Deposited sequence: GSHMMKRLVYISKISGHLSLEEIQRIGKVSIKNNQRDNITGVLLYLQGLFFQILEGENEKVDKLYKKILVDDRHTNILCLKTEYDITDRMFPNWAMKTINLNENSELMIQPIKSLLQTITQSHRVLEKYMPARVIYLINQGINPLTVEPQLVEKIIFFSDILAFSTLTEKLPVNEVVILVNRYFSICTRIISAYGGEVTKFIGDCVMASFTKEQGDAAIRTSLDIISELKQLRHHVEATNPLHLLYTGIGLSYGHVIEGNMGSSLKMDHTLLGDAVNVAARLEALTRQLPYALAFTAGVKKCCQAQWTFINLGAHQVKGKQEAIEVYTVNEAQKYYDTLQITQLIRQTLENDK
């Protein structure tokens, strides 16, 4: 019982790789091809499922290539695609045969475009593709999730005073910090909504959601004093709202336009809790449901009941206390660029 997987990755040393591959693939009864064109890697692997997943696990951690996307996984294949090739390496760059020049140039234009599109896809969708699962045909399921929401404090004022490029530098720097921190703790960013970041966590990731929130506030606090006063990054603040509940996670839309979205009351609650941090001396606020997903011991602070558009309990942690004032900031932002 064998399987076949195909992946692309971003890059004489290659000849050393192919010879080591022929050595190990024979020993592991693995067949397949490695093709490379214009600094790109294309490899097809096939063999028994145990020995293949053992091999692919090594190649994912290889130094020489990165941006490794597994496009297709075949299970229970009937016949080997290349039964005689332990690991045939094909340098498409050196191939000057004029009957393959179109297909070779088409394999580049489509692959270059395919990587550009990958950077816009939702994180969950890319995960589904790496697992050999067709994202269009995955039944949306009801799952218990922690909803994350973070946006820039007083962003309306910042668009008024700053020129366009400084606003874009700022918004990009904010998204970059959020995504890297969220992804590092295991959270899945769903989409950017204006200046708002939306992510989710599994119900066992209550501590990671709180720690992600604290780490984002920390990385922004460092950035503000790490740069000069004229740098617009000196004005970057955030508030974060978390919520727990059941949501429908899946792919909605038409064949024309499709997206990955979460449907549920908790989505709006986390968004409304986030906007509440403008009126609290805490850059973080979450429901009691998030509080009950946390195994670790936090010094939880009760902020009372608040009416969210009946009133729910709102909490925070002692680490997330603001040293500044929300009004002091909107003034010091307006007056800095005044």
Per the record, deposited positions without any C-alpha are 1 to 3, 15 to 20, 319 to 321, 351 to 353
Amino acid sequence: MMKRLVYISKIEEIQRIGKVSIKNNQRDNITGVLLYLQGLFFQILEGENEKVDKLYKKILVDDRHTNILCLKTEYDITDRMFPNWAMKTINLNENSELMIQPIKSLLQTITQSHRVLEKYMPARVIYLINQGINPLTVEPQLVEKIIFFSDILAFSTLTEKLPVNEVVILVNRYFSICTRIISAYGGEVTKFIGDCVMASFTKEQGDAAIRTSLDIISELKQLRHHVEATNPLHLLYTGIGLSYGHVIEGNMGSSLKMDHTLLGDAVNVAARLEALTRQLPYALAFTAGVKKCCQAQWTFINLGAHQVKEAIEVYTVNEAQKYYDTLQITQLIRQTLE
From here on, numbers count along this sequence of modelled residues.
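Heads up, when I say rigid core I mean the largest set of C-alphas that superpose within 1.5 Å between the two forms.
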In terms of RMS C-alpha distance in 5 other deposited structures of this protein following rigid core superposition, 142 to 150 and 252 to 260 differ, and the farther one is 252 to 260
Of 58 to 66 and 296 to 304, the one with the larger RMS C-alpha deviation from the shown form in 5 other deposited structures of this protein, core-superposed, is 296 to 304
Note to self: Using a one-third cut-off over the other compared PDB entries, is residue 278 one of the residues left without coordinates?
What the structure shows: no
Note to self: Where both flanking residues are modelled in the other PDB entries compared, is residue 309 itself missing in a third or more?
What the structure shows: yes
Entry B factor averaged over C-alpha atoms, 316 to 324 against 20 to 28: higher for 20 to 28
Of 270 to 278 and 298 to 306, the stretch with the higher mean C-alpha B-factor in the deposited entry is 298 to 306
One of 216, 197, 99, 152 has the largest Cα B-factor in the entry, namely 99
Entry record, C-alpha B-factors for 259, 249, 188, 94; the maximum is at 94
Of the three thirds of the chain ranked by Cα temperature factor, residue 77 occupies the highest
Split the chain's modelled residues into thirds by Cα B-factor; residue 127 lands in the middle
Assert third(CA B-factor, residue 293) within chain per record equals middle
Chain-relative C-alpha B factor for residue 244 (record values, thirds): the middle
Quick tally, chain-level thirds of C-alpha B-factors: residue 182 sits in the lowest
